[PDB]
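Novice: What follows is a single structure, and I will ask about it in a moment.
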Amino acid sequence: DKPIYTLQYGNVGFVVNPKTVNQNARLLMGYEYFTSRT
Amino acid sequence: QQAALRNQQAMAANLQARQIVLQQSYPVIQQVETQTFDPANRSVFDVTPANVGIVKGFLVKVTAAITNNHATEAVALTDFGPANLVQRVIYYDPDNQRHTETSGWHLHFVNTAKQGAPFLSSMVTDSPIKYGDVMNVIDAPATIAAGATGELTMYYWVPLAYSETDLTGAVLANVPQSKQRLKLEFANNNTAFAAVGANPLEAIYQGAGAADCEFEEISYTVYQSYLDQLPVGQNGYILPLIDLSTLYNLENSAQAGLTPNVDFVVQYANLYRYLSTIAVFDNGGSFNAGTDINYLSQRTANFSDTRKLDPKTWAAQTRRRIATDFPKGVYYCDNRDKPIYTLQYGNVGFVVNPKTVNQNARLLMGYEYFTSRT
Amino acid sequence: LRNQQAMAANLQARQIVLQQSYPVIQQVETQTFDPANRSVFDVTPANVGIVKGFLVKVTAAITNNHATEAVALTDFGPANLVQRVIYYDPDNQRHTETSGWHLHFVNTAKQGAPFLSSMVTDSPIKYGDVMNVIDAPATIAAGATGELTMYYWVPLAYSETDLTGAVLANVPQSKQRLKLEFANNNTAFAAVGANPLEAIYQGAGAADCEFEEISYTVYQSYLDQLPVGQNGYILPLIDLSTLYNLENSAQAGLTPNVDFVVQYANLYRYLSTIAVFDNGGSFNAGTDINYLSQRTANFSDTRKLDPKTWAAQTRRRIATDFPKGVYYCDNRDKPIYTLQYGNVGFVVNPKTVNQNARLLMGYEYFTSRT
Amino acid sequence: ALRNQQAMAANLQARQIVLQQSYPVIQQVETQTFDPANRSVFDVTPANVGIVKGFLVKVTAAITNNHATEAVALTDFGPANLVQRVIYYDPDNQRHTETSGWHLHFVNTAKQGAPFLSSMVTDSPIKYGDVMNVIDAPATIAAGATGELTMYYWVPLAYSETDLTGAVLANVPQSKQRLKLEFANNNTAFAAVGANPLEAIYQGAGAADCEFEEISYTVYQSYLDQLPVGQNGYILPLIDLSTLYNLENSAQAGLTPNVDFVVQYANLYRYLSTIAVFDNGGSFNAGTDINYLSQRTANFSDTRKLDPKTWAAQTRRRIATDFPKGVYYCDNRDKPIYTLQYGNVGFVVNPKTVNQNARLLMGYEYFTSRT
Amino acid sequence: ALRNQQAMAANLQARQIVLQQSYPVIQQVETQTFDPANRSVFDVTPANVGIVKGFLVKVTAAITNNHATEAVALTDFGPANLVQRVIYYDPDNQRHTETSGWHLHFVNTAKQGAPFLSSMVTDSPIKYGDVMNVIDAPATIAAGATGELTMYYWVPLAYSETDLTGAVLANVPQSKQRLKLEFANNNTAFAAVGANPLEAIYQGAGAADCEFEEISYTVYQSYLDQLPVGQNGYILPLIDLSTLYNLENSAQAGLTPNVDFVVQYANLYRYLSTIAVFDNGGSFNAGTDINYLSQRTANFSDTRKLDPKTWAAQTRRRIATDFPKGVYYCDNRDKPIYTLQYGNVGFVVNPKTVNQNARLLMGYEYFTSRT
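Residue numbers (full-length UniProt numbering), protein chains in the order written: chain A, 347 to 384; chain B, 11 to 384; chain C, 15 to 384; chain D, 14 to 384; chain E, 14 to 384.
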């Protein structure tokens, strides 16, 4: 209903504060978005 | 084209009004709330401060009683100790805009940086007159033996205004409608005590008796500092509009991905004017006195380092600022006179080139900055 | 109108004086004596240029003649080597009239650290307490003799750069009077259980302690070679027509959980306030107080704080705590000033009140000669 | 006189613009690790870039006491004696500072207002403290042990971070600067019992068998880059850049009990500070061998004739502690001693006791024009 | 837009005239022989003459393996690690290249189109071959032996012999250039078995007892003299001389198996080439620990997503052989990566295997304007 949209790169971020971090840990992100062809 | 005269005039008007406000109003520090609680029941509180005049900041007093119930083993203070009594603090002004949002340890290190010495500490001297640690303003037993109870006191200053004379960041709280909000997330029995070998970063005590340590209670008192009886003029209240429309915030973040002998770079965002930077090298739960670092630096898009220094030389610059060293693995950078601003030059980054990198290593960054409300 | 120009001129003249004159610190008097014979002295400073203040050096040897009991420093210790000080200028107007301990605490407040102390650091280079500038043995054992050194700065001018309160004596002719009352064998030693407020040492051997002798040297600090202009000497008339004084007082009548209010007088611009809670001879670290504050009638408290938070504000000013039961309040940037007597008061709400309890007040203030 | 007042105004404005427009940089120039038994004098070549303010010199060392049974203990100056002498020459080969490591260190302390780069002890439970050992040396080195030392010196060109008087403009590609560092060696660093400890780092019964294992130095150059350009090229504070801010030291002898020993400020320099070390024949005393010290003008009048403890009191107001035994300091920063404003001036010491080979080591901080 | 097209035309014409009228010169600037145990960082001062194109640095060294029984063998980078870092600052103290010796060497090879200054093996009976040992290092140094090494690096300012983009005009007598060389020492040059060989020259069971005996360097400066003068003074390619051509490197971590690791071209530079070294926790593999590599635009589309061998095939077309194990190259010279022409772009590596302490060492070659 209100898409994340910033005019500046990273004016918004997705946050994860981990309690436990094993070796080779990583976040695999997936995005759905709209953007102009031009 | 030009017309930039507006800015020049705006700055002058802002400074003039700031001075008038400082000269005409009277400073007040008043208690707004006090509570004693058991962390086992609750540890997060939302304080609603009073809406009176221009708010400069909050002095937060925190006391606690901790009992080590272990049958045989003791615990000892971590490097941060009582500074971890508050885990996180977040402030929202009447317009619901967020200002400071950071960890208690970061807020405390900035309190120290701005004082020019360990915050509210008692220096030691040869004076025969009995000055000294008489009142235990910030205090915590170095160790708590098996079966013993220790008493702690620590204070945090949550700033809105930059200082007592620079009202940049201050908040005008006169709208009866919306309240300010000061959120405090305190330590509890799950964050305050670290077992041997566990990461001590957020803990108060660490040791073989940690699993049996518990808070008997925690108490806090929030004092609000503000300016009352604001000066009025032909156009109504005289107010520094730039000061009151600028946010002075502290924020922290975490980054990982360090590798031995490779530059680890943390970019500064644009728009923010960074006054200070703190970098904590949490080397997988180990905090070392510079020995796990080749050098630290601040660098601009141009491979140009403005202060690429070995750890001890970096530490020397900090000794000139706070008269001692920050705890192991905590590094400070003062950019107050010439704030890092990515518009002034290209992008800029804070650099750490590690010598040794343990598993789960990360850099915890703390920033002090000014930014336009709009 | 006016004034804007009067002050502007005053400040200009001050600047010219500081820029053109030359500072001098000169010994004016030294004396050694036995307090068994005398303990009050009237020192006559030199009438030269603009006088800024006096540095008073006091040394003493104390012998514990007790057979087996020792004595130990009180909280004020050597700061009680001088019991009182009074200064009269060439026009017979008094400036400071206060106790040695209050004077010492103000010296500390103005320095921003324990006065003339040596700060401890990790430096391997041997800086440290090399010269024992202010010094006194923690204890003097039965049969032993201890050597003490104390310094006090009696201010006329507010600071090295603010000449408010300074005294013009290059002309006056009439003499200045710096009166000093030293500790004696009756005030310096407190028996166990007795009030240690005014004493230097307290302990089981006190009754047999005595001064071997006391010596003092007064150094006068002034500005010479004053600048001359058209109308003559260029002088900051406001600075020289303002008194910067320290004064003390005592108040009693405290009762548990009730606000004890000490009214500030009108006319005076109070820069700082010190309140000592002499709780019947007991000096506690805030545990006998609920809160302290400064209050305006019909405008409430401007800083009602618990003792530790009050102490926190002081730690920002002197980098440590004053001794037990000693509370400080800085109002330098905005001096307490009421047109009506007591339109403002200093408040102490006591938690515990022993017999013979009282608050010993100390004030730093500016006021017009006229 | 109008040409001067306007000259000073132009200078300050230029200084202010340079400070506002340029960006400060501190960067490593050179690092070297060596054994002083092999070589102890080094000529470092600073980079020629912008306006140079000074050099921060990091010095580390490892010392081993191989005596069979006896230890050695730090002298009063200790690690400040790791560098024996420092000399700087600018691109025109004009000499600025030339003094001892101990004098330079004492000025660094005076300018900081506290023991240089020290860590102040407080009651804070948070673990601030001597964490990084910026300036450090073990109090003693026992027979058979090896101690590690770290020392820092700031070699100034500019007077301060905001006052560029004494700074050096180094933008001439073929004219090099020279920073000469003369380090301690086994001969200077270790003093036998009873020998003069002035220049030594450690003194004790194990001295003859002490040896450096190595010394290392890293020189960082502090300067201002991206100099502002205007309608005439670089906007530069001409007075600042043509004034020398130097430190120098000398030794004076001829002291006799109860007689005023006067050291005349022999040059027409503007003396900002004076340090007097009473090396009483190898003995360094806490004022007990002195009646008084003073600064006096030809007019025979004293501006501050003080007993030793009172003299020390003035210093405690400046550096929050006392300088080591026998070291006396005098601040004249706001009103520099300048013999052309008043008669010749002298620094005075009236000794109470004078041992054989007694002397006053004088250290000066001053401004003087290139021409 | 007309002001630009004409600006570029004027630049090229000026460049062409400078190249036709001036005469190229290459001359020694400085030579020094030293033991890195004593000093390993040197600030060389180039001569201020005409337009400077670059520096050819000759480096020789003697290394002795004093282990009782074990040898050491060259690492994959070997003598390219004789210089650890190189940094250049021009007369205005603007920094150009700042990178590692190995990265600089790989770019020298990429620009030559074959291993830099190597001798190609052929069937010729005439005795051409490795006669002069221009770049040379013994494959192994046995216990008790001493090996001799020679290495050359070209530090570029100008992009090439014919393209003066990035060149430096050094005709300001008092503004010096700075070429800082940080050499290998016993700590960086020798890696024990199992230790990371990235920065080392030799690795083996005899490493702990290996020592440099000496290192020597000679810097030659290449420049253009007798600059053409016209009706306005020197005819100069203004765009060429106000553009920086630099090399820089950085390290990136955070790799996980089968997941795309993306390194964003974070600056608005015009990236001519990219080198990615997969230091897989001290292990350097021949593509077997990688699924694919690619360059990708915000549009999420890949312009060259390739398996490792096919990626290597493209590089073989550029340098006639493969770079060492774990070193990947990408040529973008004709169409430089420039994030302002298309969305942000990223260099991608999707690893098949990721060891502890894995990281990508990124090396970039790029153009950027001074302002």
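Ideal placement from N, C-alpha and C gives every residue a C-beta, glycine not left out.
Using a Cβ cut-off of 7 Å (strictly closer), state whether D:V232 contacts chain B.
Specialist: no
Novice: Assuming B:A333 and D:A127 form a contact by the criterion Cβ under 8 Å, report the distance between their Cβ atoms to the nearest whole angstrom.
Specialist: 7 Å
Novice: To the nearest whole angstrom, what separates the beta carbons of C:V168 and C:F68, a pair I think is in contact under 8 Å?
Specialist: In this structure C:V168 touches C:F68 by the C-beta definition: roughly 4 Å separates them, less than 8 Å.
Novice: Once DSSP output is grouped into helix, strand and coil, what is the label at D:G114?
Specialist: helix
Novice: B:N370 CB to nearest chain A CB: under 7 Å?
Specialist: yes
Novice: Hey, out of B:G157, B:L319, B:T44 and B:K66, whose CA is closest to B:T82's CA?
Specialist: B:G157
Novice: Should the segment 16 to 25 of chain D be regarded as contacting the segment 325 to 340 of chain C, the criterion being three or more beta carbon pairs within less than 8 Å?
Specialist: Contact fails: fewer than three Cβ-Cβ distances are below 8 Å.
Novice: Determine whether the Cβ of E:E261 lies closer than 7 Å to any Cβ atom of chain B.
Specialist: E:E261 counts as touching chain B.
Novice: How about C:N51 and C:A197: are their beta carbons less than 7 Å apart?
Specialist: No; because the gap between Cβ atoms is not below 7 Å, this pair is not in contact.
Novice: Under a three-way DSSP split, which group does E:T301 fall into?
Specialist: coil
Novice: How about C:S263 and C:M145: do their beta carbons lie closer than 7 Å?
Specialist: no
Novice: If you follow the beta strand (DSSP E) that B:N363 is part of, which residue opens it and which one closes it?
Specialist: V358 to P364
Novice: With burial defined as no fewer than 16 other Cβ atoms inside 10 Å of the residue's Cβ, what is the status of E:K66: buried or exposed?
Specialist: buried
Novice: Measure the C-alpha to C-alpha separation of D:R317 and C:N304 and round it to an integer number of angstroms.
Specialist: Those two C-alpha atoms are separated by around 49 Å.
Novice: With DSSP run on the structure shown, which of helix, strand or coil describes D:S255?
Specialist: coil
Novice: Where DSSP assigns a beta bridge to E:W167, which residues make up the other side?
Specialist: Partner(s): E:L69.
Novice: May I ask you to verify whether the segment 165 to 184 of chain D touches the segment 257 to 275 of chain D, counting CB pairs closer than 8 Å and requiring at least 3?
Specialist: yes
Novice: Between which two residues does the beta strand (DSSP E) carrying D:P37 extend?
Specialist: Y36 to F47
Novice: Whole angstroms are fine: how far does the CA of C:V38 sit from the CA of C:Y236?
Specialist: Their Cα atoms are separated by approximately 5 Å.
Novice: Inspect the CB distances between the segment 132 to 144 of chain C and the segment 106 to 119 of chain C and report whether three or more fall short of 8 Å.
Specialist: No, the segment 132 to 144 of chain C does not touch the segment 106 to 119 of chain C.
Novice: Got a sec, what are the start and stop residues for the beta strand (DSSP E) B:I100 sits in?
Specialist: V96 to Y102
Novice: Please list, in chain order, the residues of the segment 306 to 326 of chain E that have any C-beta partner in chain A closer than 8 Å.
Specialist: none
Novice: Taking just the CA atoms, how far does E:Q40 sit from E:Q234?
Specialist: 5 Å
Novice: Spatial neighbours of E:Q354 within its chain, please: CB distance less than 7 Å, with the 5 preceding and 5 following residues excluded, ordered by chain position.
Specialist: none
Novice: Consider the Cβ of B:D292: report whether some Cβ of chain D lies at a distance smaller than 7 Å.
Specialist: no
Novice: Give the DSSP-derived three-state secondary structure of C:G339 in the structure shown.
Specialist: coil
Novice: Going by C-alpha to C-alpha distance, which of B:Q11, B:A27, B:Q12 and B:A22 sits closest to B:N245?
Specialist: B:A27
Novice: What in chain A is Cβ-close to B:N280, meaning under 7 Å?
Specialist: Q354
Novice: Would you report the Cα separation of B:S296 and B:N368, rounded to the nearest angstrom?
Specialist: 8 Å
Novice: Quick check on the burial criterion: 16 or more other C-beta atoms within 10 angstroms. Buried or exposed for residue 387 of chain A?
Specialist: Outside the displayed range of chain A (347 to 384) lies residue 387 of chain A, so it cannot be described from this structure.
Novice: To the nearest angstrom, how far is it from the Cα of B:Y101 to the Cα of C:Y379?
Specialist: 39 Å
Novice: Find out if the Cβ-Cβ distance for the pair C:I154, C:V96 is shorter than 7 Å.
Specialist: no
Novice: Counting only C-beta atoms, is B:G91 closer than 7 Å to chain D at any point?
Specialist: yes
Novice: Find the residues of chain E that neighbour B:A266, judging by a C-beta separation of less than 8 Å, and give them in chain order.
Specialist: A266 and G267
Novice: Can you give me the Cβ contacts of C:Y36 inside the same chain, cut-off strictly under 6 Å, excluding the 5 residues immediately before and after it?
Specialist: Excluding residues within five positions, the ones whose Cβ falls inside 6 Å are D238 and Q239.
Novice: Could you give the C-beta distance for C:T287 and C:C343, rounded to a whole number, given that I count them as a contact under 8 Å?
Specialist: Distance from C:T287 to C:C343 at the Cβ level is roughly 4 Å; contact confirmed, criterion being Cβ atoms closer than 8 Å.
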